[PDB]
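A.B. asks: sequence first, structure after, both from an experimental entry:
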Amino acid sequence: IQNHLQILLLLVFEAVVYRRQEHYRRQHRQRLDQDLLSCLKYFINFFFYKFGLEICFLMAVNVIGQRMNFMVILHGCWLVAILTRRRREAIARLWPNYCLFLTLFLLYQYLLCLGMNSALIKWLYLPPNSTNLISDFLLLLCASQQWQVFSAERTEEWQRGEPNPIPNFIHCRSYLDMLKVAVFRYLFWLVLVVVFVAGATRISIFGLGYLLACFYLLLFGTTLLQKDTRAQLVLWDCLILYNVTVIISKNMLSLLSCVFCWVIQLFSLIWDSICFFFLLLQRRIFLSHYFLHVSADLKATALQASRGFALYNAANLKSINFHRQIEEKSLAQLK
Amino acid sequence: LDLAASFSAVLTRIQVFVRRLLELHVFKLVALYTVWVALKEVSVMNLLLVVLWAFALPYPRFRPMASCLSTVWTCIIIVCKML
């Protein structure tokens, strides 16, 4: 068996690499804002420490989409139960219980594999495919690493008077400032387009919900940004919850693929997950400090709106006076 | 000229980066191949090996124990090949 032999070889190489690293050891952020490469190094160093909850959520949505069976419905229900307590302090106590439940249910799931119509018994797991378990295993890996990092907290780093160090992206004195403004100000106006496309490419009747959501935000996003973080996070939680409701409901209705006219046309038995990715990213952006300065910029523009009108009237009167002068000169010429 | 020195410096940096990345990631990356094998062919022999890594990932306290027991669990490969 070449597969088992390669597995044993990799297991040996796991300790071989550790021994080699130990021998090489025995023998032989504040700089974040300076340059793009430094920020990239910061992401390399603490990608998980900042984005673990979002990454675990997206892996969970990945497994929901990949399986679409009855067992992953527990995944979805516990996902939603995690979301309803979105604030990380409740996740602080829920996460050990989350990991315990994940391992408990995965044990039963793996046991059931080896050991009542054919379509329904395939849709469920009763006497049973098991190739799909790779995504669930990856979910457990990511959640376990999140638990480890969260417990460690990397307490030595953790990488409103004036806490924002260099908030002034708006003036863009560096390439990093250009990218930071293009992420912090011109991305909500891409989350809206992602929502629209997600609604309008999957023709099911949930996409019409996305079209309503896009049409609503697009008429009130420019004033949504003006709000403080409270209402922003409330409404954004509402939209995230609607999106996760859509994905879990699609998982449920996947049952209608086993017991298989107008209803199936009307409910149409990825695009509804990229929207989830962008929604989580933007919800992380909102609460962040580096968004306070751009919100202040929007407030300044809102208050400065009035001056532009007088400036434009001045320009119009200057042009009108100029053209009256030139007409007078021409008519004097003719006379 | 300076090309050889630049190549040597690049090689040293690559070695340092590889060592750091290994020390940071291998502890979790080890179980990936075992999980892939277990999903490839579900069997009683591979079930214990999968479960050991599954429990080890949640609790890092048993992770060194799982690393030690990986060789013991891999002994079934020879028996399977003989059968």
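C.D. replies: Now that the structure is in, tell me what you want to look at. Numbers count the residues shown, from 1 in each chain, chains lettered A, B, ... in the order given.

A.B. asks: host element of residue A:70?
C.D. replies: Here residue A:70, judged by DSSP states H and E, is contained in no helix and no strand.

A.B. asks: give the contact list for it.
C.D. replies: Contact analysis of residue A:70 by Cβ atoms under 8 Å, 6 or more residues apart in numbering or on different chains lists A:123, A:124, A:125, A:255. All C-beta spots, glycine's among them, are computed from the backbone N, C-alpha and C.

A.B. asks: who's in contact with the spatially most central residue of chain B?
C.D. replies: Nearest residue to the geometric centre of chain B (Cα atoms, centre = their mean): residue B:30, 1.9 Å. Residue B:30 makes contact with A:10, A:11, A:14, B:53, B:67, B:70, according to Cβ under 8 Å, 6+ apart.

A.B. asks: count the neighbours of the closest residue to residue A:112 other than its chain neighbours for me.
C.D. replies: What sits nearest to residue A:112 in space, not counting adjacent residues and going by Cβ to Cβ, 6 or more residues apart in numbering or on different chains, is residue A:125, at 5.3 Å. For residue A:125, the neighbour count with other Cβ atoms under 10 Å in any protein chain shown is 16.

A.B. asks: quick check, residue A:125 in contact with residue A:69.
C.D. replies: Yes - between residue A:125 and residue A:69 there is a contact under Cβ atoms under 8 Å: 7.2 Å.

A.B. asks: phi, psi for the nearest residue to residue A:120 once chain neighbours are set aside please.
C.D. replies: Excluding its sequence neighbours, the residue lying closest to residue A:120 (Cβ to Cβ, 6+ apart) is residue A:258, at 5.2 Å. Per-residue torsions, residue A:258: phi -90, psi -60 (degrees, to the nearest 10).

A.B. asks: can you point out the buried residues in the longest helix seen in chain B?
C.D. replies: What stands out as the longest helix in chain B, according to DSSP state H, is helix B:2-40. Neighbour-count burial for helix B:2-40, counted by 16 or more other Cβ atoms under 10 Å in any protein chain shown, picks out B:19, B:22-23, B:26-28, B:30-31, B:33-35, B:37-39.

A.B. asks: and the next helix or strand past that helix?
C.D. replies: That would be, after helix B:2-40 and using DSSP H and E, helix B:44-56.

A.B. asks: can you list contacts of that following helix?
C.D. replies: Counting by Cβ under 8 Å, 6+ apart, A:103, A:106-107, A:110-111, A:114, A:137, A:140, B:30-31, B:34-35, B:37-38, B:62-63, B:65-67, B:69-70, B:73-74, B:76, B:80 sit against helix B:44-56.

A.B. asks: work out for me the element the residue nearest to residue A:185 when sequence neighbours are not counted sits within.
C.D. replies: Excluding the flanking residues, the one nearest residue A:185 by Cβ to Cβ, 6+ apart is residue A:294, at 5.0 Å. In the assignment (DSSP H and E), residue A:294 maps to helix A:292-334.

A.B. asks: hmm, residue A:282 and residue A:291 touching each other?
C.D. replies: No - using Cβ under 8 Å as the test, residue A:291 is too far from residue A:282 to be in contact (9.7 Å).

A.B. asks: what does stretch A:187-201 contact?
C.D. replies: With Cβ under 8 Å, 6+ apart, stretch A:187-201 has contacts from A:206-211, A:213-214, A:217-218, A:221, A:225, A:271-272, A:274-275, A:278-279, A:281-282, A:285.

A.B. asks: neighbours of the residue in the stretch 151-300 of chain A positioned nearest to chain B, how many?
C.D. replies: Distances between the stretch 151-300 of chain A and chain B by Cβ to the nearest Cβ are smallest at residue A:151, namely 9.0 Å. Using other Cβ under 10 Å, residue A:151 has 11 other residues around it.

A.B. asks: ok, now residue A:206?
C.D. replies: The burial count for residue A:206: 21, using other Cβ under 10 Å.

A.B. asks: which residues does the nearest residue to it once chain neighbours are set aside contact?
C.D. replies: Distance criterion Cβ to Cβ, 6+ apart; nearest residue to residue A:206, sequence neighbours excluded, is residue A:246 at 4.4 Å. Residue A:246 sits next to A:206, A:209, A:272 when contact means Cβ under 8 Å, 6+ apart.

A.B. asks: for residue A:50, see how far away the closest residue in space to residue A:178 that isn't next to it in sequence is.
C.D. replies: Distances taken as Cβ to Cβ, 6+ apart place residue A:172 nearest to residue A:178, at 5.1 Å, with adjacent residues excluded. To residue A:50, residue A:172 is 24 Å away according to Cβ to Cβ, to the nearest Å.

A.B. asks: same check on residue A:278?
C.D. replies: Residue A:278 is 17 Å from residue A:50, by Cβ to Cβ.

A.B. asks: could you do residue A:286 as well?
C.D. replies: In this view, residue A:286 and residue A:50 are 15 Å apart by Cβ to Cβ.

A.B. asks: again, but for residue A:145
C.D. replies: Distance, residue A:145 to residue A:50, by Cβ to Cβ: 13 Å.

A.B. asks: quick one: which of the two has more around it?
C.D. replies: residue A:145 (19 against 14).

A.B. asks: what about the more buried one, helix or strand, and which?
C.D. replies: Following DSSP H and E, the helix or strand that holds residue A:145 is helix A:133-152.

A.B. asks: try residue A:227
C.D. replies: Applying DSSP H and E, one finds residue A:227 in no helix or strand.

A.B. asks: and it, how many residues sit next to it?
C.D. replies: 14.

A.B. asks: same thing with residue A:258?
C.D. replies: A count of nearby residues for residue A:258, using other Cβ under 10 Å, gives 16.
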